[PDB]
Structure formats: C-alpha cells, structure tokens
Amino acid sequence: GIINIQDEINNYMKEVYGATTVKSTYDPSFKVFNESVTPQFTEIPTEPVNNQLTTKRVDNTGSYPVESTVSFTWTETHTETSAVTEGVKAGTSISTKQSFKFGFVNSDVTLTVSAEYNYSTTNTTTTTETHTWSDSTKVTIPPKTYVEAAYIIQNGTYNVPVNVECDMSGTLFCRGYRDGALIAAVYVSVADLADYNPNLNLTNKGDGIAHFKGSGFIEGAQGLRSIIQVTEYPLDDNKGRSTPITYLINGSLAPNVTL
C-alpha cells in the first residue's frame, strides 16, 4: 500500500503524547531525494518464442530459375503495464520516469521500455497498442522446385519486480491537542519515525536521513522481430533433384528492440 508520512506522524503523536487531535506541517527543511527505481534483474529468464503465422508457397514448374517476391503483413496488438505496489506519500509529488533495457537469457536481443512511477499511488497503468509488421524479400526459385516462405514473429514476455526507493531528511512540525487545548508542539524527523516504527519500509540511515524502500513492477509482451523462413524442396519432375534447404532472412526489429 502507500505509507502516508502524515498519517503515521498522526499516529505517533497520539500514542506518545495522548493527543486526540493532531496537526502536522512539513518543515521547509523537508526533502525527498535520490529517487531511484531499479529492476531486480535485467535478464528475462524466459526465452523468446518463434511463432509461425502464415506461409506463402511458390512452385516453379519450369526449367529456368524465377525471381519471386513474397510479402507479408501482420498486425500485433500488444501490452505494457506498470504500478507501484508499496509506496510513500510525503508532502510533495514523488515520481520517476524510468527506462529499462532488458535482455533475454541465452540470447542477443535487447528491449527498451520506460514507465512512470508515482510513489504515492498503487493505481496501475496499462497501454495496449497495435503494430503492423510488414516484410518482403525476393527469392530465386530454382527450376523444378517449390519454395515455402513462412512468416515468423518472435515474441517476448517479461514480468520484472522493481525497487521503488528514495531518501528523506528533515522534519514535520507537529501540534497535538487534547480536551480543547494544545498540549504539544514538537518537531519529528522521518528518521525518528523510522526508529519508532520499523514496519513502514523506512530505515534510519544516520545523519538524519531516512531511506524509503518500496516496490512495484514493469511487465509486457510484444513482438520482438519478424523472420522470413524459406524452405526449397524439389518438385517430383526434378529427377536430377534440387537439394532441399531451409534458410532464414531477417525481416524487421521492433522500434524498441536492438542487438
């Protein structure tokens, strides 16, 4: 959930002083800094998957080579989702645009994805968008041979926990009241709060600095790249017989994908 600094100061004041009504104000010394969202790992441990979509077959039943253009189109609909699952609300906005570079174990492709982490909410944000892959290549079909050109889309999916972290220094000015009267007017650090209650994802790091260690995620599934996979096989009329072969032609990389 979200640790509300003020509500927890409210609770501290009531417990410590017996106040029944509390009013706090962030001191102008109050600061949030070293905001940092970091992925717990960076190698997706699930391999990308090649999916075959359709194939285009061309039979060259003649005695001369032919050139043939095969063209494919595919529209993939795909999703990205991020959220903070353990956060903090201080007096000012705390957020980070983070960009992540993920690799895949056992291979060589890299994907780039970015998300906005607002530390003060658990609201989740998802974008679903379509992408139109289009690819074509010109193949030479030997005589008495057919070709099967299969369009392959290489899919990747990822679900990565991230650390949602910052430091805080400074104090709140707190007024406690009981039975129609002000009974307390004290300053309380966020470090002091961390010493008081160790169950708030805050730790006293010394020098008056409290560190917040919360969490969230970045998750997604997209096409990473298209491949045209070409198989030549002899037709029955071949006789001399063409030699069967499968070779692969790179189609396209996704915009956010690199090697």
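From 1 onward, residues are counted along the sequence shown.
**Q** Test of understanding: from the entry's C-alpha B-factors, which stretch has the higher mean, 31 to 39 or 226 to 234?
**A** Result: 31 to 39.
**Q** Per the entry, where is the mean C-alpha temperature factor higher: 63 to 71 or 48 to 56?
**A** Going by the record's values, the stretch with the higher mean is 63 to 71.
**Q** Which of these has the highest Cα B-factor in the record: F173, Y151, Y119, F100?
**A** Of the options given, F100 has the highest CA B-factor in the PDB entry.
**Q** Select lowest, middle or highest to describe the third in which the CA B-factor of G180 falls within its chain in this entry.
**A** Its C-alpha B-factor, which the entry lists for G180, ranks in the highest third among residues of this chain.
**Q** Going by what the PDB entry lists, where does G91 fall on CA B-factor within its chain: lowest, middle or highest third?
**A** Tercile = highest for this residue's CA B-factor.
**Q** Could you look up the Cα B-factor of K14 in the entry and say which third of the chain it sits in: lowest, middle or highest?
**A** For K14, whose C-alpha B-factor we compare with every modelled residue in the chain, the answer is the middle third.
**Q** Among all modelled residues of this chain, ranked by Cα B factor, put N4 in the bottom, middle or top third, i.e. lowest, middle or highest.
**A** According to the entry, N4 has a C-alpha B-factor in the chain's lowest third.
**Q** Could you say whether, by C-alpha temperature factor, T79 belongs to the lowest, middle or highest third of its chain?
**A** As the PDB entry reports it, the C-alpha B-factor of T79 lands in the highest third of its chain.
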